[PDB]
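A short write-up of the structure that comes next.
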């Protein structure tokens, strides 16, 4: 009873600290993700915690706000880094029919955002990108232009790509993503561009 109320008060104080941290925000995306996870776990604990109902649900309101602004913030920061790298690749490539290259990324979400921005700004171009990860792992994301032939499907594209790397692929005809592991990146890049060109007839 009293102990539960005290714990709830501590949680609220903790909640206040978390909110302050959020206002402050964090430069590292990883720390932003960690904060969102702390929000989810904390809300789950409050859900089954013992305390007066009014305070419990009032705090639930505050913390749900905290999660919305936290997740919105992390999504914005990923959009920022993805935009910067997207411009970095835009400066040196021509808007050809097909652009197949590699870009350094920290997570697959950011890579996907790069592909979507790139296709949004170059509508008549199909895109595939690979990201090297430590310890030999490799990520893949690709998107096919809407104007492109329907015979060209992204899922089969990344399907062959990761299929050569022994990985896995998933998506739809328009967008696809996958994982693999291979020493030579130019082999996967060459297979992707070869296949895609073979379809683009």
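In our numbering, the protein residues as written are 1449 to 1649.
For each residue, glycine too, the CB sits at the ideal point set by N, CA and C.
Here the alpha carbons of residue 1468 and residue 1474 stand approximately 11 Å from one another.
With fewer than 16 other Cβ atoms inside 10 Å of its own Cβ, residue 1618 counts as exposed. Our two residues, residue 1605 and residue 1597, have alpha carbons roughly 13 Å apart in a direct line. Distance from the CA atom of residue 1519 to the CA atom of residue 1452, rounded to whole angstroms, is 29 Å. Between residue 1530 and residue 1558, the C-beta gap is smaller than 7 Å, which places the two residues in contact. The alpha-carbon of residue 1644 is positioned some 15 Å away from that of residue 1578. The Cβ-Cβ distance between residue 1587 and residue 1556 falls below 7 Å. Excluding the 5 residues flanking it on each side, residue 1481 has same chain C-beta neighbours closer than 8 Å at 1522, in chain order. Distance from the CA atom of residue 1508 to the CA atom of residue 1528, rounded to whole angstroms, is 30 Å. Pairing residue 1626 with residue 1614 gives a Cβ-Cβ distance that is not under 7 Å. Counted as a single uninterrupted DSSP element, the stretch harbouring residue 1524 is not any beta strand (DSSP E) but the alpha helix (DSSP H) occupying residues 1501-1538. Under a 10 Å Cβ-count criterion, residue 1493 is classified as exposed, with fewer than 16 other Cβ atoms of the shown protein chains found around its own Cβ. Within the same chain, Cβ atoms closer than 8 Å to the Cβ of residue 1511 are found at 1463, 1466, 1487, 1490, 1491 and 1494, the five residues on either side in sequence being excluded.
Rounded to the nearest angstrom, the gap between the Cα atoms of residue 1632 and residue 1484 is 36 Å.
Between the alpha carbons of residue 1622 and residue 1470 lies a distance of about 36 Å. For the set 1536, 1461, 1554 and 1576, the Cα lying nearest the Cα of residue 1545 is the one of 1576. Looking at the DSSP output, residue 1610 shares a beta bridge with no other residue. The DSSP-derived three-state label of residue 1630 is coil.
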